[PDB]
Structure formats: C-alpha cells, structure tokens
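Report on the following structure.
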2 protein chains.
Amino acid sequence: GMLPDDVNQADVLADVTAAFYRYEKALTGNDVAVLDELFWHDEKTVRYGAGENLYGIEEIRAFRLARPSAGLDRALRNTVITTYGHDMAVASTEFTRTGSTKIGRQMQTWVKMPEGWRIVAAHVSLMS
Amino acid sequence: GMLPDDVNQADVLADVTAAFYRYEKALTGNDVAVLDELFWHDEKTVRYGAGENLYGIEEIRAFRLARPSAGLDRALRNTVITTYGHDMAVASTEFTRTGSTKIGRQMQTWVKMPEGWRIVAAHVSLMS
Ligand SMILES: [Cl-]
Ligand SMILES: [Cl-]
C-alpha cells in the first residue's frame with residue numbers, strides 16, 4: 001500500500017535523480033556499457049522507442065549496438081521525477097533536438113534492485 | 001529493495017491484471033468516470049498521449065472530455081504485466097485499430113493506493 005506521505009522521500013528522490021542524470025549522460029554519449037548497466041537484466045524488461053518495440057534485455061542490447069550515434073545529444077524539458085516508498089520511481093521528461101521539429105517524450109519506471117536502481121520499463125516517442 | 005522473488009507474486013498480479021482490463025474496457029467504451037477513478041488524483045500524475053503532454057489530474061480530465069468518442073476501439077497485442085512487490089506494477093502493450101496502419105504502444109505504471117490500484121504515469125504513442 002502506498003500512503004500519501006510515502007511519496008518523494010528526499011533521500012530516495014536524490015538517489016533516483018542522480019541515477020537519472022547518469023543515464024542521461026550515458027544516452028547522449030552513447031555509453032552502451034552503462035545504458036546496459038542501468039536497464040533491468042531480464043526477459044520481462046520492455047523498451048518502446050521511437051521506431052521500435054523491444055522485449056527483453058537481449059533485444060534492447062541488439063538495438064543499442066545497431067543504433068546510429070550521430071545526433072544523440074538532446075535538451076530535456078519538463079522533467080518530473082516521483083518516488084514511491086523506498087524502491088520505486090517514475091522519471092518523465094519531454095526533450096527536443098537541434099535538428100528536429102517534433103517534440104520527444106520519455107517515460108521510465110525505475111526499481112531499486114540489490115545491484116542498484118534499474119530501469120524496468122521505458123517508453124520513448126515523438127509526439128504526433 | 002526488490003529481490004527476484006518479489007517479482008510477479010501471484011495475488012498481486014491477479015489484482016493488477018484485472019485492474020488493467022477494467023481500464024481497457026473503460027478506455028474503449030469511453031467510461032470517463034472510471035478512466036478518472038483509475039488515474040491517480042494528484043498534480044504529479046503524467047499522461048503522454050499520441051498528440052499531447054498532460055501534467056496533473058486536472059489536465060488529464062480536460063483531455064478525457066475533449067477527446068473524440070468515435071473509433072476508440074482497439075485490439076491488444078504483446079501485453080506484458082509485471083508486478084514489483086505487493087504494490088507496484090508496469091503494464092505494457094501494443095495495439096492496432098481497424099483503420100490505421102500504424103502500431104500503437106501503451107505503457108502504464110500502477111501503484112496500489114488505499115482506494116485501490118492507480119495509474120500514476122502513462123505514455124501512449126504511435127510508432128514512427
Ligand atoms: Cl532477454
Ligand atoms: Cl492537477
């Protein structure tokens with residue numbers, strides 16, 4: 001049960017936030033090692049990206065290596081990080097790019113595993 | 001703390017799965033009252049839809065009433081529902097519609113509140 005006071009406990013929110021910005025940096029720099037580190041290592045993990053639907057860490061890894069590295073840098077905007085209790089978080093952000101005209105959105109659900117905070121599901125898309 | 005045994009406990013998953021399909025019913029039948037009941041009533045709630053970025057339950061409610069009621073029906077595909085401990089879940093699915101050629105994706109993060117299972121963040125989009 002999630003009680004109202006259990007939302008956004010300062011310390012939980014600091015850990016998750018650092019983790020989020022660390023993922024942000026790995027993503028824009030194409031640090032595939034870390035991008036793999038931060039994702040949950042399981043067959044149930046899901047990543048819906050702009051042009052692909054990926055199920056399991058195996059497919060997400062294939063994706064990562066097959067992905068073009070040019071124009072990965074992006075500016076975030078309207079970022080909302082909300083924690084629930086001591087081991088669950090939702091990071092939501094919009095983003096834009098120097099090249100594009102469309103607006104990007106990214107939603108990620110983080111869970112604290114024994115190995116650390118891990119993204120168990122992510123959806124990334126361009127707004128119509 | 002989330003150990004491997006805390007993933008997909010039978011009872012928790014049975015509940016969240018039923019809540020997920022209740023929402024599916026409300027969405028396709030445009031049961032705005034239920035659609036609202038099932039979303040978390042808070043300013044922090046976030047819904048990224050195909051063509052809009054909604055922040056807070058008030059913005060989400062406006063959207064429900066402004067939305068066209070025609071063609072809301074859909075077919076689900078590749079649905080994955082994973083629960084974490086006894087009070088968080090992530091439901092992800094693809095979907096298609098009779099008319100369209102594009103593939104839809106929905107991802108929802110559910111938290112069990114005292115009033116019940118509630119979607120705290122949702123992202124819907126068409127694969128580009
Ligand atoms: Cl896998
Ligand atoms: Cl609000």
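Any value given below was found using the heavy atoms of this structure, including those in side chains, with hydrogens, waters and symmetry copies removed. Every chain is numbered from 1 and lettered A, B, ... according to where its sequence line falls, protein lines coming before strand lines.
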Can you measure from CD (A/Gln9) to CG (A/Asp15) and round to the nearest 0.5 angstrom? 11.5 Å

Could you tell me whether A/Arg22 and A/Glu37 make a salt bridge, using a distance below 4.0 angstrom between a side-chain N and a carboxylate O? yes

Less than 3.5 Å apart, which donor and acceptor atoms pair up between the side chains of residues 58-67 of chain A and the rest of the protein, not counting sequence neighbours?
residue: A/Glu59; atom: OE1; partner: A/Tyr55; partner atom: N; Å: 3.0
residue: A/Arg61; atom: NE; partner: A/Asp36; partner atom: OD1; Å: 2.9
residue: A/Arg61; atom: NH2; partner: A/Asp36; partner atom: OD2; Å: 3.1
residue: A/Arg64; atom: NH2; partner: A/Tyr23; partner atom: OH; Å: 3.1

Would you compute the distance between atom CG of A/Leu76 and atom CD of A/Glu24 and round it to the nearest 0.5 angstrom? 4.0 Å

Any side-chain heavy atom of A/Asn78 sitting closer than 4.5 Å to one from A/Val80? no

For A/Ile119 and A/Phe20, what are the C-alpha separation, side-chain angles and deciding distance, and is it a side chain to side chain contact (heavy atoms under 4.5 Å, CB included)? CA-CA 9 Å; A/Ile119 304 166; A/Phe20 172 84; over 6 Å; no

Is the shortest side-chain heavy-atom distance between B/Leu27 and B/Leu35 below 4.5 Å? yes

Cluster overlap A/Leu72 with A/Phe95, hydrophobic side-chain contacts below 4.5 Å: no

For a 4.5 angstrom cut-off between non-hydrogen side-chain atoms, does A/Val124 reach A/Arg105? no

Out of curiosity, B/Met127 CE to A/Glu52 CD, how far, rounded to the nearest 0.5 Å? 8.0 Å

The reported gap from NE2 in A/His41 to CD in A/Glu43 (rounded to nearest 0.5 angstrom) is 8.0 Å

Distance-only donor-acceptor check, side chains B/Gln106 and B/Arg74, under 3.5 Å: yes

Run B/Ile103 and B/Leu126 through side chain to side chain contact (heavy atoms under 4.5 Å, CB included) and show every step you take. CA-CA 6 Å; B/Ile103 309 295; B/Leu126 305 174; over 6 Å; no

Looking only at heavy atoms, what is the nearest atom pair of B/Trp117 and B/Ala19, with distance? CB-CB, 4.1 Å

So, using salt bridge (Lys or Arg N to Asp or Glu O under 4.0 Å) as the criterion, who are the partners of B/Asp31 when residues are at least two apart? none

Only one of B/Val120, B/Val34, B/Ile57, B/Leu54 passes side-chain contact (heavy atoms from CB on, under 4.5 Å) with B/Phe39, and that residue is B/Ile57

Hits for salt bridge (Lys or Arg N to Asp or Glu O under 4.0 Å) against B/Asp73, two or more places apart or cross-chain, chain-then-number order -> none

Is there side-chain contact between B/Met88 and A/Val90, with at least one heavy-atom pair below 4.5 Å? yes

For A/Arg97, is there any backbone N or O sitting under 3.5 Å from a side-chain donor or acceptor partner on A/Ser100? no

So A/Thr109 and A/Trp40, do their side chains get closer than 4.5 Å, heavy atoms only? no

Is there a side-chain contact between B/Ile81 and B/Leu13 in this structure, where contact means two heavy atoms from C-beta onward sitting under 4.5 Å apart? yes

Side-chain contact test, heavy atoms from C-beta onward, threshold under 4.5 Å: evaluate it for B/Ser92 versus B/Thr79 and give yes or no. no

Taking atom NE2 of A/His123 and atom NE2 of B/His123, what is their separation to the nearest 0.5 Å? 4.0 Å

The single option from A/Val7, A/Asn8, A/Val12, A/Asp6 that satisfies side-chain contact (heavy atoms from CB on, under 4.5 Å) with A/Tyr84 is A/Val7

Do B/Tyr48 and A/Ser125 pass the side chain to side chain contact (heavy atoms under 4.5 Å, CB included) test, and can you show the C-alpha distance, the side-chain angles, and the key distance before you say yes or no? CA-CA 9 Å; B/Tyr48 293 147; A/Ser125 68; 6.0 Å; no

Does a side-chain heavy-atom distance below 4.5 Å link B/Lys112 with B/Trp110? no

